[PDB]
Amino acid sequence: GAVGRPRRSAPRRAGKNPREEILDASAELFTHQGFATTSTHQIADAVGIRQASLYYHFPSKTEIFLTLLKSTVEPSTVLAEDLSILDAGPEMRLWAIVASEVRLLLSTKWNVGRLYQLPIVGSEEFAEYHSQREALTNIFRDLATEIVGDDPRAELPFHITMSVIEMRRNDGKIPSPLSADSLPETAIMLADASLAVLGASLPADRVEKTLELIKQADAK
């Protein structure tokens, strides 16, 4: 059996331990209703525990949110940095970054890309993340600037990319689990679009090659 006074209701969330369970419940609610609207009771209720019982695992509702926010921002930011610097031309580099971030935002169980864009993040409190967020944004812009020059279109590939957030499911079924063998269709499209808005022909063997860069990046 398990140490500790047994809970009133049986666990309802997927997780190897209460931390994962709570973050699981939290990711669903925060992506559906945002931070402020979601109350610790609903989180508790979702998890199947009393509200106070949360505080043994997380010191504050803000800390829960922070944790989730890290787990999406981090991999995405580093990935762009890792890929940013490679063999090919900026057409190819940008096509990959778009495909790679879309691959990623489709890989998670809940739609955590929706967290970046929430109001709460605007506050100064969450400055470490604006920082990473802008840094990411700048990578794309500069990539795009290498193709069209100083031109307002350079702003677009990033917004095209983030558009998956509006077009993916959010019910705890992963829309496209990761595969070393292939890229999800939707990634192909948004990469392909991101080059069309810059008026640039698609690069060569782009799916075959983008998976190469990911294998590389994964080993790093």
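Note that residue numbering follows the sequence shown and begins at 1.
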{"property": "Residue range whose averaged C-alpha B-factor is higher in the record, 103-111 or 81-89", "result": "81-89"}
{"property": "Of 19-27 and 200-208, the one with larger mean CA B-factor", "result": "200-208"}
{"property": "Among modelled residues of the same chain, the CA temperature factor third for residue 181", "result": "highest"}
{"property": "B-factor third for the C-alpha atom of residue 175 within its chain", "result": "middle"}
{"property": "Third of the chain, ranked by Cα B-factor, where residue 59 sits", "result": "middle"}
{"property": "For residue 152, the third of its chain into which the C-alpha B factor falls", "result": "highest"}
{"property": "Third assignment of residue 68 from its chain's C-alpha B-factors", "result": "middle"}
